[PDB]
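Quick setup: one chain, the form deposited in one PDB entry, written in structure tokens, and binding and motion questions come after.
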């Protein structure tokens, strides 16, 4: 099982080598659409692009490109859309995607400003009375309510297709203390947050895939999805030992490049899954422990 493997890798001090082996074995598929000259201003990073086979296509006749990938986990029966933090000119495309893909939740794992630089546009309204209208995609977005915790905030937003007047409730789960190329403060804080997303019903198969993003949509995003899928896998079978975490990560990498950006994020993923397995296997009390340990109260 992964716990024994975690021990071997830890004692050997080989997280860097294990992680590097994953980078070496990772899939390489073309990203020709992402690289078209007309799409230059739709990519936040030159080196992070969606593969053509798994990219999400916007349903507009103009230009259907958005730096977003559909991670379809067949065995686990869960899909996620991993995307970069929207740019000033792609906020309308972002919400168009949320609408068209029928997503119920948006998981944001970064902050708008990190390390003195703008890593993501302010794509949602910060005040109820100042709603946002994305003219290019004909969508209106209104902040309905906000529940601010110590290291994450949950928001209820109302997305409206101005063309048809149909409205939908979108839940925003914002993890505010996870530095890029870094790991969460503890497996507890992370699991507490993941469980809040799960409890909301945003990951349910009755909804479109949850949209997960960070700045690039691969590091922190990849860590979140890897832990969730691994937990879901062992949950379906109620068998912790049936999950090969490296293999699951490689499977995800068939859909988007660079998922999990550092060896420590991989190590953290193992920790999160191993700890989460306690809940999956019947000890529901650990959830309350995580809530305590996370110190979510201000």
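Positions refer to the first chain, counted from 1.
The form deposited with a small molecule bound is left out here; the points below concern that form.
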{"property": "Proximity of residue 295 to the small molecule in the entry with it bound, heavy atoms at 4.5 Å", "result": "no"}
{"property": "The small molecule contact at residue 106 in the entry with it bound, heavy atom, 4.5 Å", "result": "no"}
{"property": "Proximity of residue 191 to the small molecule in the entry with it bound, heavy atoms at 4.5 Å", "result": "yes"}
